[PDB]
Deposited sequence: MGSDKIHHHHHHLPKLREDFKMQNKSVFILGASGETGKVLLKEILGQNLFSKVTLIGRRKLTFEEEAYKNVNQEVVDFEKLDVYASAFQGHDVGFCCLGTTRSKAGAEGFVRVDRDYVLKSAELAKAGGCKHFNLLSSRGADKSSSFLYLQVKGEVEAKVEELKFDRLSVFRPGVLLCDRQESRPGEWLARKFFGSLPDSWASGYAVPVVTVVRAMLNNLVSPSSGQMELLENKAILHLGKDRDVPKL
């Protein structure tokens, strides 16, 4: 159930399933460390980036270059993956923020589900609340709810606080690398149910090195 420092044993179990993964937002701060760790830990048989431009650099990685305003044209990009990580975030102004963090994320999640993705992992944010008067927390709240309605076999939502490159400290911040470690440790571990919600405190515990 709650295994201790048997995590390397669970990573090996996971490897032997020969799974494939896609990543959205691999160029972003969490995305890039997620990518690094996914490759270093060699947890998946295939890794695929889905984004708007080909990222240059590690040299056995599919990249699907897509147009997010026409994402249905690119639905195949979302087909055949077992696991998905959405680390998309935006700088952009208000309308652009909503476009990316809400619409592109949701559309992407709709297509992941329709492509048989089994385990979707959403990088949200501490404080998400669809009823928020903060646009930021509002969009996070709203995307979480909508993504939960897609009914992936397993959904993991991560609500880190301040991303670093109950007590105050348990909630406030977390190193990016710790968020990535939490995600991948959660990945190799038994599901706590169809939806899993991890707050900063839980991410700090699970992602400890």
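A.B. asks: Where are the gaps relative to the deposited sequence?
C.D. replies: According to the record, the gaps fall at 1 to 6, 64 to 67, 101 to 103, 179 to 198, 243 to 248.
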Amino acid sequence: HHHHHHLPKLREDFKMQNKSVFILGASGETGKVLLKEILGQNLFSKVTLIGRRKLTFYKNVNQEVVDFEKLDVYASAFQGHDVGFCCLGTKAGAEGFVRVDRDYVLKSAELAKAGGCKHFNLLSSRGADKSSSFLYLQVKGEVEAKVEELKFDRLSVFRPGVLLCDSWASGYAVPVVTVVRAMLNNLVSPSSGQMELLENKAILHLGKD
From here on, numbers count along this sequence of modelled residues.
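A.B. asks: Identify the stretch, either 166 to 174 or 58 to 66, whose C-alpha atoms have the larger mean B-factor according to the entry.
C.D. replies: According to the entry, 58 to 66 carries the higher average C-alpha B-factor.
A.B. asks: Relative to the other modelled residues in the chain, which third contains the C-alpha temperature factor of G51: lowest, middle or highest?
C.D. replies: Within its chain, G51 is a lowest-third residue by C-alpha B-factor, going by the deposited values.
A.B. asks: Which third, lowest, middle or highest, does the C-alpha temperature factor of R181 belong to within its own chain?
C.D. replies: It belongs to the middle third of the chain when residues are ordered by C-alpha B-factor.
A.B. asks: Taking only the Cα B-factors deposited for this chain, tell me whether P160 sits in the lowest, middle or highest third.
C.D. replies: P160: CA B-factor falls in the middle third of its chain.
A.B. asks: Rank-wise, by C-alpha B-factor, drop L197 into the lowest, middle or highest third of its chain.
C.D. replies: For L197, whose C-alpha B-factor we compare with every modelled residue in the chain, the answer is the highest third.
A.B. asks: Can you work out whether the C-alpha temperature factor of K140 puts it in the lowest, middle or highest third of the chain?
C.D. replies: Its C-alpha B-factor belongs to the lowest third of this chain's values.
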